[PDB]
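Only one structure is covered here, and it is reproduced in the block below.
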Amino acid sequence: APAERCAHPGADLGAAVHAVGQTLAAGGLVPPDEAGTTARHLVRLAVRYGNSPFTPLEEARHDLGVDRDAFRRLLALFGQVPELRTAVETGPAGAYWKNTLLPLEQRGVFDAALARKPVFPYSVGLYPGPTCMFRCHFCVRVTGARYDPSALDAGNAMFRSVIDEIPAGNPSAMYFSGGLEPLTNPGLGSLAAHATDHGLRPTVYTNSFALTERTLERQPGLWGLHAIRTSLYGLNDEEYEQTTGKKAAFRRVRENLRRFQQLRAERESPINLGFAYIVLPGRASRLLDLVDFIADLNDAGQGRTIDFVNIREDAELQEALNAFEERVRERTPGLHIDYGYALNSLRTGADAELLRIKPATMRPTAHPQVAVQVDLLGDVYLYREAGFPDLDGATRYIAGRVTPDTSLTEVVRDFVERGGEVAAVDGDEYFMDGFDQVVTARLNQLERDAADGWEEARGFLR
Ligand code: SF4
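Residue numbers for the sequence shown, in the deposited numbering: 10 to 323, 338 to 485.
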């Protein structure tokens with residue numbers, strides 16, 4: 010429907026305006042003589058927030074050129090045109106709205122962060138790996154940097170205690186990922202077993218280099234995971250060496266996943282399999298080779314197919344994305360595609376840059392109500408990419424340490440209740456992952472809207 014699609018490049022706004030005007034007039038919401046003018050303002054707001062989801066309400070108001078009073082009425086009328094919310098939620102910016110902003114809002118998570126309440130974190134990352142075998146360009150691993158082997162026993166006992174804390178109501182709250190490589194922890198399978206015994210359904214994010222048949226034999230609890238998402242660093246040995254520094258690494262990862270596919274089919278295991286792939290500038294044609302890679306694994310699986318792929322950026340991208348989507352429908356129809364925030368709007372030809380938070384726009388309280396990460400030492404990191412040993416300036420972002428005497432619940436509560444705040448210095452912004460930046464940008468928007476006297480309407484859509 011025209012009003013449902015109006016945020017995409019080249020959309021028919023005349024048809025969107027007519028459709029919205031008809032809804033307003035048929036609902037008695039505005040006099041028919043003025044329905045067209047108001048419908049144009051509402052379509053403009055849908056186009057705006059369907060492309061730029063963090064826009065302060067006052068900036069959008071100024072761009073419409075209307076009264077604070079007229080804007081209040083517009084926001085109320087917007088809520089009575091369901092097609093326009095669809096236009097925002099499925100627009101170029103739709104990955105922001107449907108995958109992150111609106112699920113967290115509806116779970117009260119941004120409300121808790123905004124009010125700075127000492128709630129248990131919504132998403133808890135456990136970083137259980139003491140090392141990694143790869144040597145990616147800018148990671149601490151291109152030093153000796155690693156956790157001491159002696160930390161494993163106490164660390165794994167600490168992780169179990171954190172698993173015992175996870176409140177009910179969200180089986181996916183906890184995941185295993187890292188700074189460093191989780192499969193490097195000999196006890197990861199028993200942590201996964203512990204988690205599944207406590208009703209959790211966690212995913213592991215891994216390079217899968219050590220996901221061999223021998224590892225599964227020593228760590229049978231990995232089979233009980235909800236999912237294994239392999240970070241794909243290339244599609245042949247050459248591209249893998251460029252990225253990881255390791256030779257023959259693609260064939261090892263592919264060899265591991267081929268065998269894993271056959272074992273998953275033999276055990277009839279409910280575990281899911283996904284991949285994360287980064288499209289490099291000018292190399293978007295490689296997405297077709299990613300389909301070939303996945304189809305091959307599907308052949309190893311005797312019917313059991315790869316479940317999902319996550320594709321993000323950082338020759339014409341929109342064409343390569345289109346060709347990629349066609350190739351998936353052709354060769355791997357059951358494959359679910361999840362697009363990162365930028366590539367999701369590039370799908371329809373919309374100009375899109377990823378967020379680039381700088382120290383001036385970092386929130387000194389961070390957002391532990393939304394996410395924290397815990398490493399082998401029990402240190403609770405406030406941003407996903409600060410949790411690396413020997414990483415310069417990163418320990419400033421430790422909210423506290425989980426020990427036998429202090430729980431994760433207590434670390435977070437104590438840090439929130441004392442008004443804990445970390446002043447941002449240059450470079451701290453690289454401790455944030457894409458999720459941290461979306462959460463920061465959303466909370467900056469919510470704080471701005473509330474400060475401008477739009478408390479209930481804060482964030483435009485919720
Ligand atoms: S970025 Fe990840 S895979 Fe690469 S060296 Fe660091 S921990 Fe290992």
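Where is the CB? At the ideal position from N, CA and C, for every residue including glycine.
In whole angstroms, give me the CA-to-CA distance for residue i and residue j.
i: residue 484; j: residue 478; result: 12 Å
i: residue 184; j: residue 165; result: 15 Å
i: residue 365; j: residue 373; result: 9 Å
i: residue 233; j: residue 211; result: 9 Å
i: residue 149; j: residue 78; result: 54 Å
i: residue 121; j: residue 385; result: 18 Å
i: residue 376; j: residue 138; result: 32 Å
i: residue 52; j: residue 42; result: 17 Å
i: residue 175; j: residue 85; result: 38 Å
i: residue 219; j: residue 350; result: 30 Å
i: residue 391; j: residue 269; result: 36 Å
i: residue 427; j: residue 167; result: 7 Å
i: residue 50; j: residue 254; result: 53 Å
i: residue 80; j: residue 458; result: 31 Å
i: residue 82; j: residue 205; result: 49 Å
i: residue 394; j: residue 195; result: 26 Å
i: residue 341; j: residue 156; result: 43 Å
i: residue 261; j: residue 473; result: 52 Å
i: residue 401; j: residue 141; result: 19 Å
Is there at least one non-hydrogen atom of the ligand SF4 closer than 8 Å to the beta-carbon of residue i?
i: residue 265; result: no
i: residue 7; result: In the structure as shown, the chain begins at 10 and stops at 485. Residue 7 is therefore absent and cannot be evaluated.
i: residue 455; result: no
i: residue 188; result: yes
i: residue 194; result: no
i: residue 253; result: yes
i: residue 149; result: yes
i: residue 141; result: yes
i: residue 321; result: no
i: residue 184; result: no
i: residue 15; result: no
i: residue 261; result: no
i: residue 407; result: no
i: residue 156; result: no
i: residue 404; result: no
Given residue i, which residues of its chain have a CB within under 6 Å of its CB, disregarding the five upstream and five downstream residues?
i: residue 207; result: 172
i: residue 30; result: 44, 45 and 48
i: residue 152; result: none
i: residue 58; result: 97 and 483
i: residue 1; result: What is shown of the chain runs 10 to 485, which leaves residue 1 out entirely.
Give me, in chain order, the residues of the same chain whose beta-carbon lies closer than 7 Å to that of residue i; leave out the 5 immediate sequence neighbours on both sides.
i: residue 471; result: 65
i: residue 55; result: 15, 16, 93, 96 and 97
i: residue 62; result: 102, 105, 106 and 110
i: residue 346; result: 297
i: residue 343; result: 293, 294 and 296
i: residue 469; result: 119, 123, 481 and 482
i: residue 24; result: 11
Who are the Cβ neighbours of residue i in its own chain at under 8 Å, not counting the five residues just before and after it?
i: residue 111; result: 98, 484 and 485
i: residue 235; result: 180, 181, 210, 211, 212, 280 and 281
i: residue 444; result: 387 and 388
Which residue marks the beginning of the beta strand (DSSP E) containing residue i, and which one marks its end?
i: residue 132; result: 132-136
i: residue 214; result: 212-215
i: residue 319; result: 317-322
i: residue 423; result: 421-424
i: residue 7; result: Given a span of 10 to 485 for the chain in the structure shown, any question on residue 7 remains unanswerable.
i: residue 29; result: It is not in any beta strand (DSSP E) - residue 29 instead sits in the alpha helix (DSSP H) that spans 22-35.
i: residue 285; result: 281-288
i: residue 396; result: 394-398
i: residue 241; result: 236-241
i: residue 453; result: Counting along the chain, residue 453 falls outside any beta strand (DSSP E), and DSSP gives it neither H nor E.
i: residue 359; result: 359-362
i: residue 72; result: Where residue 72 is concerned, there is no enclosing beta strand (DSSP E), although the alpha helix (DSSP H) it sits in stretches over 66-73.
Output the boundary residues of the alpha helix (DSSP H) element that contains residue i.
i: residue 307; result: 295-309
i: residue 48; result: 41-58
i: residue 183; result: Counting along the chain, residue 183 falls outside any alpha helix (DSSP H), though it belongs to the beta strand (DSSP E) covering 183-185.
i: residue 89; result: Per DSSP, residue 89 belongs to no alpha helix (DSSP H) and is neither H nor E.
i: residue 265; result: 258-276
i: residue 165; result: 161-172
i: residue 246; result: 246-253
i: residue 439; result: 431-440
i: residue 118; result: 118-123
i: residue 206; result: 197-206
i: residue 151; result: Looking at the DSSP string, residue 151 is not in any alpha helix (DSSP H), and its letter there is neither H nor E.
Indicate, with yes or no, if the ligand NAD has a heavy atom lying under 8 Å from the CB of residue i.
i: residue 249; result: Ligands displayed in this structure: the ligand SF4; the ligand NAD is not among them.
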